[PDB]
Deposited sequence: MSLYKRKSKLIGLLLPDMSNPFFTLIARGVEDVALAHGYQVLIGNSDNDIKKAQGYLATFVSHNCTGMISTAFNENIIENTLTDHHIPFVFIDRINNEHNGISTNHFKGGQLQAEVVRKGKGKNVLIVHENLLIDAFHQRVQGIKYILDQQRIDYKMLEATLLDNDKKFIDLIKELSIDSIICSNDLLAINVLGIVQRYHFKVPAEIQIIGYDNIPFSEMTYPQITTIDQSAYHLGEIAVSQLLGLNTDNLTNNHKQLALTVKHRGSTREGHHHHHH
């Protein structure tokens, strides 16, 4: 029996990892206990304690949780960290797409940097870019008027987002304020969740092979490709 502690069950990237895990597991007669930590230390600790209570044979989680997972190994249970089966290189790829699209003034819209995968990605972006940008915490998208005002004041022509969910949110704000994507503002996400193929234009993104990540993770227990699409400055239209 496997315990799978997901950082954000409302993120399709993680639900897809989870299906890769559940599929392989169920094939080999294994059950999975699934928990959502919401990157909350109290929730993480809660679920992990319970998964121990219930004699899990192995655990899958992200490295937000290493201290507890480690202690639970010694005190009791092998583990795999899904985020460690490279995010810095991913970030470099995002910045290189922006450069290939002739970006001059770039906004890095990021999820919480206390999450290593996000932080490492933003380090990769900065590397290529430092070789003009501003950083903006994802929560600031909530005031769309002030977001658009920033875009104008800074003459932003490129936006790099930590994942596809943020890219999609960003796309709808700038389109609702009448900017042209990609000619005026180009946008790049990460993960390649199916939502990324549903927008007009479709979101240029980095495929992390989520389903295959879950598959490998559970297999250990028992590479990145750019998707160039309409949202960046090759493909013109679909007719």
Quiz item: When the deposited sequence is counted from residue 1, which ranges lack any model?
Solution: 1 to 9, 86, 96 to 104, 151 to 153, 245 to 258, 270 to 271
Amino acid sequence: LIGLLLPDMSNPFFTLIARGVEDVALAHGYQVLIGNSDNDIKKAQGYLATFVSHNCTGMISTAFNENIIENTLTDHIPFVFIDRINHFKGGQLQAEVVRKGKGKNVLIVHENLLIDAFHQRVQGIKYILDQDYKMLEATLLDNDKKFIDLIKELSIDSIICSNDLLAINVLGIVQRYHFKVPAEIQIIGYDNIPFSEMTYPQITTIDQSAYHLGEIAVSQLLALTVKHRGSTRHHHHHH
From here on, numbers count along this sequence of modelled residues.
Quiz prompt | 50 to 58 or 180 to 188, whichever carries the higher mean Cα B-factor | solution = 50 to 58
Quiz item: Which of the two stretches, 166 to 174 or 28 to 36, shows the higher mean Cα temperature factor in the record?
Solution: 28 to 36
Self-check item: Criterion, highest CA B-factor; candidates, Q120, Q92, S158, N143
Solution: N143
Practice problem: Among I206, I41, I69, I203, single out the one with the highest C-alpha B factor in the record, please. | Solution: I69
Self-check item: Ranked against its chain, the third holding the CA B-factor of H76
Solution: highest
Quiz prompt | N86 by Cα B-factor - lowest, middle or highest third of the modelled chain | solution = highest
Quiz item: Lowest, middle or highest third: where is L129 by Cα B-factor in its chain?
Solution: highest
Exercise. Select lowest, middle or highest to describe the third in which the CA B-factor of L4 falls within its chain in this entry.
Key: lowest
Self-check item: Record-listed C-alpha B factor of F64: chain third
Solution: middle
